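Enquirer: Going down the list, the sequences are from chains A, B, C and D. Numbered according to full-length UniProt numbering, the first sequence spans residues 975 to 1021. Numbered according to full-length UniProt numbering, the second sequence spans residues 975 to 1021. Numbered according to full-length UniProt numbering, the third sequence spans residues 26 to 536. Numbered according to full-length UniProt numbering, the fourth sequence spans residues 27 to 536. Here a beta-carbon is modelled for each residue, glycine too, at the ideal position from N, C-alpha and C.
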Amino acid sequence: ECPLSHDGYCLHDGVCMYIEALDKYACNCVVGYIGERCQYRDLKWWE
Amino acid sequence: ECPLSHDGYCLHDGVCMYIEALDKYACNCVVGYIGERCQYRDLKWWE
Amino acid sequence: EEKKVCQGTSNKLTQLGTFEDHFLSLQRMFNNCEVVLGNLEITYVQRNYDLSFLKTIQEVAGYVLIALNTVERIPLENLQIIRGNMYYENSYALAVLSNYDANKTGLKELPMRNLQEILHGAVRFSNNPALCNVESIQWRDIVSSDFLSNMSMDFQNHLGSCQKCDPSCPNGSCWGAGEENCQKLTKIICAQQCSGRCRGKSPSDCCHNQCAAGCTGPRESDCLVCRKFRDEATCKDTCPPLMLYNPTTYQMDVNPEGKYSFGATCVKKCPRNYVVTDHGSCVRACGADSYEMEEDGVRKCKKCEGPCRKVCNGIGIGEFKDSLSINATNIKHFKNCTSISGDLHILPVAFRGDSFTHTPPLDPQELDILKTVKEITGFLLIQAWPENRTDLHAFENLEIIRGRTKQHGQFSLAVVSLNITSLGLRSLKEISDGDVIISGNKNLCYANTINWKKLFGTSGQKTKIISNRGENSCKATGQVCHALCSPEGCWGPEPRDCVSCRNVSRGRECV
Amino acid sequence: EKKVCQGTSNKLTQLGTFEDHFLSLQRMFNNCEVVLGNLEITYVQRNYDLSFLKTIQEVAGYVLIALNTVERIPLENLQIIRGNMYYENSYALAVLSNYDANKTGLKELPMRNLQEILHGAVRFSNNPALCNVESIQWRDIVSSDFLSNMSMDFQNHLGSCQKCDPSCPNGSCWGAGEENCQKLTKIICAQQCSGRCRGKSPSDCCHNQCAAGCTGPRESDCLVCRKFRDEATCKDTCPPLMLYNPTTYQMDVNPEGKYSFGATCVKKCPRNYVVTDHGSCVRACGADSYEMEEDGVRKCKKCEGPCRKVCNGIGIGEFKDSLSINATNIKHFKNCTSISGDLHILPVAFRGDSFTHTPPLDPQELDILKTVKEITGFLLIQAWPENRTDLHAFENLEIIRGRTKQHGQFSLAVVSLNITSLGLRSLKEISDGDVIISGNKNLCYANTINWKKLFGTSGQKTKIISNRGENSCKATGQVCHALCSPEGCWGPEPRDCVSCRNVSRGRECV
Ligand SMILES: *[C@@H]1O[C@H](CO)[C@@H](O[C@@H]2O[C@H](CO)[C@@H](O)[C@H](O)[C@H]2NC(C)=O)[C@H](O)[C@H]1NC(C)=O
Ligand SMILES: *[C@@H]1O[C@H](CO)[C@@H](O)[C@H](O)[C@H]1NC(C)=O
Ligand SMILES: *[C@@H]1O[C@H](CO)[C@@H](O)[C@H](O)[C@H]1NC(C)=O
Ligand SMILES: *[C@@H]1O[C@H](CO)[C@@H](O)[C@H](O)[C@H]1NC(C)=O
Ligand SMILES: *[C@@H]1O[C@H](CO)[C@@H](O)[C@H](O)[C@H]1NC(C)=O
Ligand SMILES: *[C@@H]1O[C@H](CO)[C@@H](O)[C@H](O)[C@H]1NC(C)=O
Ligand SMILES: *[C@@H]1O[C@H](CO)[C@@H](O)[C@H](O)[C@H]1NC(C)=O
Ligand SMILES: *[C@@H]1O[C@H](CO)[C@@H](O)[C@H](O)[C@H]1NC(C)=O
Ligand SMILES: *[C@@H]1O[C@H](CO)[C@@H](O)[C@H](O)[C@H]1NC(C)=O
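1. Please determine whether the Cβ atom of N57 (chain C) lies at a distance below 6 Å from any heavy atom of ligand 2.
2. For my contact list, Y69 (chain C) and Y88 (chain C) are in at a C-beta cut-off of 8 Å; report their separation, rounded to the angstrom.
3. Name the chain C residues whose beta carbon is nearer than 7 Å to that of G288 (chain D)?
4. List the residues of chain A whose Cβ lies closer than 8 Å to the Cβ of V441 (chain C), in chain order.
5. On a Cα-Cα basis, can you pick out the residue from D:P265, D:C251, D:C194, D:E412 that is closest to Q390 (chain D)?
6. Report yes or no: do three or more beta-carbon pairs, one from the segment 199–207 of chain D and one from the segment 217–237 of chain D, lie closer than 8 Å?
7. Looking only at its own chain, which residues have a Cβ that is under 7 Å from the Cβ of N338 (chain D), when we skip the five neighbours before and after it?
8. I'd like to know if the segment 229–248 of chain C and the segment 277–290 of chain C are in contact, where contact means that at least 3 CB-CB pairs between them fall below 8 Å.
9. Do you know whose CA, among B:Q1013, B:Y992, B:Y1007, B:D997, lies nearest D46 (chain D)'s CA?
10. For a test of your reading of the model: does the CB of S177 (chain D) fall under 6 Å from any non-hydrogen atom of ligand 8? Yes or no.
11. Could you check whether the Cβ of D166 (chain C) sits closer than 7 Å to any Cβ belonging to chain A?
12. Taking 6 Å as the cut-off, does the CB of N361 (chain D) come closer than this to any heavy atom belonging to ligand 8?
13. Count the other C-beta atoms from every protein chain shown that fall within 10 angstroms of the C-beta of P136 (chain D), then say buried if there are 16 or more, exposed otherwise.
14. Quick test of your reading: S50 (chain C) and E1021 (chain A), contact by CB under 8 Å. State the CB separation rounded to the nearest angstrom.
15. Cβ of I351 (chain D) within 6 Å of any heavy atom in ligand 9?
16. List the residues that DSSP assigns as beta-bridge partners of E134 (chain C).
17. If you run the structure through DSSP and keep just helix, strand and coil, what is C984 (chain B)?
18. Pairing CB atoms from the segment 497–512 of chain C with CB atoms from the segment 29–38 of chain D, are three or more of them under 8 Å?
19. Taking only three categories from DSSP, how would you classify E160 (chain C)?
20. To the nearest angstrom, how far is it from the Cα of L267 (chain D) to the Cα of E317 (chain D)?
21. Taking the runs of the alpha helix (DSSP H) that are 4 residues or longer, which of them lie wholly in the segment 39–108 of chain C?
22. Out of C:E134, C:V60, C:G146, point me to the one whose CA is closest to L104 (chain C)'s CA.
23. Relative to ligand 4, is the shortest distance from any of its heavy atoms to the C-beta of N196 (chain C) smaller than 6 Å?
24. Does any residue of chain D bring its CB to less than 7 Å from the CB of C1001 (chain B)?
25. What does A409 (chain D) reach in chain B if we use C-beta pairs closer than 8 Å?
26. Near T259 (chain C), what residues of its chain come up, given a Cβ to Cβ distance below 6 Å and the 5 sequence neighbours on each side ignored?
27. Are the CB atoms of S123 (chain C) and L996 (chain A) within a distance shorter than 7 Å?
28. Would you tell me roughly how many angstroms separate the C-alpha atoms of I91 (chain D) and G131 (chain D), rounded to the nearest one?
29. So does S170 (chain C) have its beta carbon nearer than 6 Å to some heavy atom of ligand 3?
30. Leaving out five residues before and five after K335 (chain D) in sequence, what residues of the same chain have Cβ atoms less than 7 Å from its Cβ?
31. Looking at chain C, is there any beta carbon in it that lies within less than 7 Å of the beta carbon of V989 (chain A)?
32. Quick one: complete beta strand (DSSP E) runs, 3+ long, within the segment 231–265 of chain D?
33. Do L448 (chain D) and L405 (chain D) come within 7 Å of each other at the CB atom, strictly closer than that value?
34. Just tell me which of D:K467, D:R521, D:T474 has its CA closest to the CA of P512 (chain D).
35. Between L978 (chain B) and chain D, is the shortest Cβ-Cβ distance under 7 Å, so that the two count as touching?
36. Would you say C307 (chain D) and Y285 (chain D) are within 7 Å of each other, going by their C-beta atoms?
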């Protein structure tokens, strides 16, 4: 759904998605990672 | 009229004097000198 | 007085896991929170989730994002002020967006009947069917002149239906029905000439110049929420100078009621790790033209001659506010630093290059550059490291991590998920504040023997060092040090990686 | 700007004849509006005219009115008495024994506008004929923390003065007509009010930073600033040149920050004062800290470990009571190049004062002052050894800052000296204040120094009159024209020259 550009937008195997409703692109980060691009591991939780 | 004490008190020829009215001493400084003890010469004026 | 505080998420419109996992976080994050240090983003909450726990939020420094929620009612009934120390889409202190169901029904009731002050930024309401009554609040009072000129927000009628507002409402204003749940003006119903806000819907018995929202009384002690500095029970513009001038003697005297300035609060002494300026305020860094020769146990400084002994910013600040990892593009700016005046994010993407930020993969050899860093005034985070190398070398001479700033506001040292055989920070002697977390490091031993209870000094410093190699599973690889070193563990195998030495020794190594 | 006068500070003493004493009291307060120092009215007779005191709007120190036979004292426009100093200790206002042998003295004292007495207590005693004042409830004029220590007992006599217009509140009244009623604004204020009020209502009270009263309820609508005066407003503290940044935990540049100079907040520091980094104009750098100016301005950093000396200077600290450098504590001037204050070489030092118990000074101890390079305040010399013809001890005196001046005018004053010449061949700057050299019988050369260069501040004049003579000294001395260029000379000797010729030198001008 996200353009070739945003291809690589989301790190840690997160998937980029297009918020048609708000015309934007966000990340559906895998559980455990936070931040707009899922850059940080959620240290204050597990492992 | 001033105690052997207050002798010298009023510098620059000022004359010492008892203010019986308030039980206190003070000086009748010569014309041209200011200060509780005529210690200073009223610069701003002349000579 | 003292309120419970939370960092506040800050990854707008991004979804953390599944609608549920996302939820669990939002809950885990704001549960019991009364003040939100950073941001308050409520997004993706669903049809029948319980956001009751938000009734504890009294204030949010940054902004409030509420977009993409199917939930029907949001309990932010107790939010009082939104400082706006940050914005959404620029110039937005409160951004409520696209809260609809595929069925055209999502957010309906927003009980923000206490949101009375929004110090900075503009508010945006757009595409949120079902939203009721909110379209009645006159923000000329909630917002401040300087922005209600850039605040876009129109409300649209929906298919559903909602009751009106009790005839006790002002000029209509009402965040819902409840009881007198009508927007209560305290900025406009004020008299011709009054400092700032007022509680008197007309009387000249209005609020103190230093108060946002309102005030139970007219004094400086009786106020809903302080606008700037909170000194004990009072609201201050600036805090009691340690030294007051003396108009009579044209000289300076000391001030008994003088306090130090920490954040927005006004302390009696600065936290053992912050820099205390002769002025009397706690800061996180001394000028570009200074040192940090801590003296009477308290860190202080004196100006040098122009540019001083290298003061690099460190990822995430000023010239790096946008970068999220030390990398080729601009690692160059760490050539001869002995002190990083910020944090250090060594991330995975750095080594593989982000084609989104247009940055070439970092040359492993370049990390040698950092081999000159002696201290990090903030936090050191490392979620990556070169493959064919088993030792955090670039940081062999790091001796101090001040923790003036920490990860998630909690961690000052974080070595997680590496393949390194050992740490190797054999020079580290201080972790001023923050917690240490070292985990997920498959084959990393020695760590479980650091006696950190010495390496750092501040009440509360914990050490979540889990799921690594295996003690009763590493003694086999002879990977230990217990014999030549001492009780205070080791940073590696060699005799130079000891924390403490048995029988004083030389050569930065022991034997 | 309000006209300000120094204000006599020589309590109970009398300056010459009852008239001479008047004339002075007149010359000082004629036109004043703000008395920076003290307001002392004493020994003014039965028919003199003290109408000029009608302009005094506020006195910084204390107001002493005693031993007067005049009947009416027009301090109608006095508004506030700071109380920076006290009389007899614990008194900002003291009206004492104002009667004539016939028990007939001060009668009316129209202080209808006096509303505030910031620091100190009031005292009235032995003032027959004083009218109305007997009715003034000061509980409003004075501050609670002082009434406990303020004595005032009014009395009666074989006379009488008219009652008080019923328009006056609790009977209180300073005078008769002109609604001389006590305009009270403190005990008459809504329970919950900043400080003083201009009205009874809880919506009629003043700013928590004002004195007497206010026209409006803001900071710009005040009768008299309680502490600092920021342009046209009243401030407690003045705009810092730096404001802390809560969010960044760092310091940001001055909002509308101003420097502090007295009770006024200036945009810049008088060039001859020290500017601290804090943003204040101080007369002296504390601790063991230098005073090295850099930005053209006199900032002042500290000097590694035990720095150097700090010679306070007559009139301050260890010498607030010492009125002239003398043998007793001249020792405290042994080795220092900067007098951090003033210097009074008064005749009493040389002759010994039998009242303070101090032995006459040894003229061979002024060589102690041979090491002084600069003087922050002013240099006053009214005496000087006879068997000497040159101000020697001050040979190396290079600069006088004038941060403080005699009477609040002169930074350099050498009068009544038998010296043939000054002898200040090092002096190169007189920051501010006027210089006066007179009453120096055989003093010459002086009339040629062209001081317009020697000092740097607007309006610095120089009263050098009645010394020796230009046409009379020409004989046995005077002129130096030759070795000393058209600039002038601090003496005849080549060294005394002000400017040599063609770079020529070798300490002198050969
Ligand atoms: C060596 O460390 C690297 C870190 O760069 C590990 O790489 C994994 O890479 C995959 C895909 O690129 C990620 O999904 C993992 O998160 C990375 N590992 C972790 C948990 O950090 C790699 O696992 C390690 N190699 C070994 C010894 O297995
Ligand atoms: C906060 O969330 C936790 C999550 O398990 C929940 O158990 C708790 O009831 C919530 N509120 C409290 C009591 O902190
Ligand atoms: C709204 O105004 C602010 C200034 O207050 C400005 O910074 C912001 O970019 C503006 N919004 C836009 C993008 O028009
Ligand atoms: C009510 O509020 C509206 C919008 O601010 C304003 O136009 C109107 O005049 C107010 N009614 C009055 C005058 O009380
Ligand atoms: C690192 O990469 C970022 C990616 O945006 C780049 O902008 C930054 O300048 C680079 N500098 C660093 C952190 O070495
Ligand atoms: C830092 O590197 C520079 C450039 O090579 C060098 O001149 C300097 O000596 C190094 N650090 C110091 C101050 O020793
Ligand atoms: C007193 O005031 C009058 C009028 O301004 C003036 O002429 C006179 O010189 C003043 N007294 C002196 C000499 O200061
Ligand atoms: C009276 O009170 C004043 C107020 O501070 C105090 O200084 C003084 O010592 C007290 N007693 C005297 C000396 O009258
Ligand atoms: C001068 O005499 C005073 C007392 O009148 C004494 O305190 C002081 O020490 C003397 N001045 C000097 C040179 O210190």
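Expert: The relevant details are as follows:
1. yes
2. Their Cβ separation, rounded to whole angstroms, is 17 Å, which puts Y69 (chain C) and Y88 (chain C) out of contact at 8 Å.
3. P272, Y275
4. Per Cβ cutoff of 8 Å: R1015, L1017, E1021.
5. Taking the Cα of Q390 (chain D) as reference, the smallest distance to any Cα among D:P265, D:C251, D:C194, D:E412 is reached at D:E412.
6. no
7. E344, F345, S366, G367
8. no
9. B:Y1007
10. no
11. no
12. no
13. buried
14. That belief does not hold up - the Cβ atoms of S50 (chain C) and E1021 (chain A) are roughly 16 Å apart, past 8 Å.
15. yes
16. The partner list for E134 (chain C) (beta bridge, DSSP) reads C:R98.
17. coil
18. no
19. helix
20. 20 Å
21. The segment 39–108 of chain C is shown to contain whole alpha helix (DSSP H) runs of 4 or more residues at 44–55, in chain order.
22. It is C:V60 whose Cα lies nearest to the Cα of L104 (chain C).
23. It does: the Cβ of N196 (chain C) is within 6 Å (strictly closer) of some heavy atom of ligand 4.
24. yes
25. The premise fails here: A409 (chain D) is roughly 10 Å from chain B at the closest Cβ pair, so nothing lies under 8 Å.
26. Contacts found: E245, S246.
27. yes
28. 12 Å
29. no
30. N361, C362
31. no
32. 236–240, 248–251, 254–256, 259–261
33. Their beta carbons are not under 7 Å apart, which means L405 (chain D) does not touch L448 (chain D) by this criterion.
34. D:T474
35. no
36. Closer than 7 Å, so yes.
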